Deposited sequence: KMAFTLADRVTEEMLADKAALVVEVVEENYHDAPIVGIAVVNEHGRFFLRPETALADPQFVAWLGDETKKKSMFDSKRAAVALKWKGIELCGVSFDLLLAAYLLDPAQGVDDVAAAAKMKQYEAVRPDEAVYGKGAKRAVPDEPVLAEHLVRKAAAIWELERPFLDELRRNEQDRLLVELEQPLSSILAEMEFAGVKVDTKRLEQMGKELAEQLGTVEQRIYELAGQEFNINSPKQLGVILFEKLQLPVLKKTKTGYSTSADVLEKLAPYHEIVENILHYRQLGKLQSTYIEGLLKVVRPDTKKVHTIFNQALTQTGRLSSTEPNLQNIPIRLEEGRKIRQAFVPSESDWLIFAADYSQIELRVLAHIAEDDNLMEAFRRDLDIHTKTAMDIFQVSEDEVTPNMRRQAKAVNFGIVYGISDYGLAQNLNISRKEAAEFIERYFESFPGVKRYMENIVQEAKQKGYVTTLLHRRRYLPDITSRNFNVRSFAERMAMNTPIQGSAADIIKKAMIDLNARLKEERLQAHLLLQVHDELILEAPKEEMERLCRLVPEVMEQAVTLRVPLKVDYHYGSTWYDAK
């Protein structure tokens, strides 16, 4: 029943200076993907245009790229990237309903117009799954079905903009959408489109080496088990360990990592199995899985950054996930050798905040002892050891620093004696003694942890530095485990989330500076608390001064932000 014009040519009344716009890409991965239809709703009416028509039309292309022609959209980054791949610029997106819904309630999991519309009780639009199907079944329907769905989405966007903006304003989140998340979305769209170049021969050679090691370790494991079995099967493995070999059952059977490390002394087989799984992971995911997704023409990978998924305001990255490339262990770290700059004589430059979370905590809690440590640029883990174990700097042993570091991680995650006990393999009572010593040395952090839990209870939510919000309705649960989990969220979310606001802001500031300096440098990746760029070799020295400074200056805290930076011919070398 929704009225529109199924236009067959583009007309001027479709080029109003305010419209809701739908540029539909049905494939889940939108990189180089078809645009299946276009709907426009504005003061003059509702329109559907076939894309071969509209995108071949120079006036429509000019309206798309005209920043004074304001568009309201859902997931403008998807339309933007798919248009970049056809060489078309999208500008003037003044309202993005996906990002508005995300700031209003990240727990909604809003992934289509219908889910966002639900939040204001607008129901005159169907969910995308209902129209398109699921997986194998996911298909573009016939024109009359397609066209009505797209026009309904655009009409929903047109109606919904105002109440969303009203709520964002009451929440004091209007600048967060307009000055942070929307500008960031255009930056992420450039990053994704630029992609990261992969050295595929280097990956194939690492793969060959791994297949050889895996073979030797597999053979060893069979020798030690006196049997053939599927090592990748936690079921078959648990039979081999706890039944055939009679190993102690400390925690059907669990063969997790924590468990196998405690088991390692009882039998040669355990360490071999842990080494197998680690290599098997490099092999299947970071060699095989990565090669499946590099473009065979350009040899680039083009991640998709999900800007509206995490509950704390962080990004995620998929297909591939470039925020979880190995680094911890040397053999996996070599994978980073396959990530190279995209031009001859360019280099990779990586800059990263040092302990941004603890620095945010110092600021938010205003703990005198913590703020002073950072003002002195002390090694925060050594200092925490000195305070909780009551010794001088030179009396801090490595084991002591290891344990104080675990307390610091605990503190930011929202501490509990059970979680620190499990992390450190000590008793609950032992872990509680450390936590008590910690709070005696940082009473501001204690005050803060108490206050933020009671504030989560009175307000129903907690906020970050730039007014991001997470609702915590389980904070009043009569169930202990559920309530504890919400209390940890209350303690952690302002910290993890504020660190996410700062880095997002640094990205915006950085991109403005690069353009103001007309440097060729550009962002490739964000990894939570670090930015990775490529640039000509000749820009390096300017980058060393410009990047850290932008990152350090993104916000003003009561403690300084510290940034280390490195560069080299591959991602691996930018260390």
{"property": "Gaps in the model (deposited sequence, numbered from 1)", "result": "252-255"}
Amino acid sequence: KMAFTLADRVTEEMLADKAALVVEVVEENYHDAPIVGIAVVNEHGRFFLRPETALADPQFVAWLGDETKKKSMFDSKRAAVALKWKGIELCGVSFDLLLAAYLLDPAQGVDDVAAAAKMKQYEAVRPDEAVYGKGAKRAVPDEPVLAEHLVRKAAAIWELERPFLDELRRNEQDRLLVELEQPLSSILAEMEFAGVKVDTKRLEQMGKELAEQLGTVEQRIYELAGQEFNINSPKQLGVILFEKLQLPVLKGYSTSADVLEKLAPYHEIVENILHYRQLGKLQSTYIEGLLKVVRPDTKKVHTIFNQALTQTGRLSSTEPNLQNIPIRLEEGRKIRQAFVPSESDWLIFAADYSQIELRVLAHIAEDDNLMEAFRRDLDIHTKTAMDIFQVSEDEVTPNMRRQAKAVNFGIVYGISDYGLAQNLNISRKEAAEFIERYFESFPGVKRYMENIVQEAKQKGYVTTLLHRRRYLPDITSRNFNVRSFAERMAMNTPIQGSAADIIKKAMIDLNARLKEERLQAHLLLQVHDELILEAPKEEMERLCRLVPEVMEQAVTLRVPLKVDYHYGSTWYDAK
From here on, numbers count along this sequence of modelled residues.
item	value
386-394 versus 450-458 - greater average Cα B-factor per the deposited record	386-394
10-18 or 549-557, whichever carries the higher mean Cα B-factor	10-18
Deposited CA B-factor, highest of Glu159, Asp501, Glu212, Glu179	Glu212
From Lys137, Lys505, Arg488, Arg152, residue of greatest CA B-factor	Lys137
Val113, C-alpha B-factor rank within chain (lowest, middle or highest third)	lowest
Chain-wide C-alpha B factor ranking for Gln59, given as lowest, middle or highest third	highest
Chain third (lowest, middle, highest) by recorded CA B-factor, residue given as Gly133	highest
Position of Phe442 among the chain's modelled residues by C-alpha B-factor, lowest, middle or highest third	middle
Third of the chain, ranked by Cα B-factor, where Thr53 sits	highest
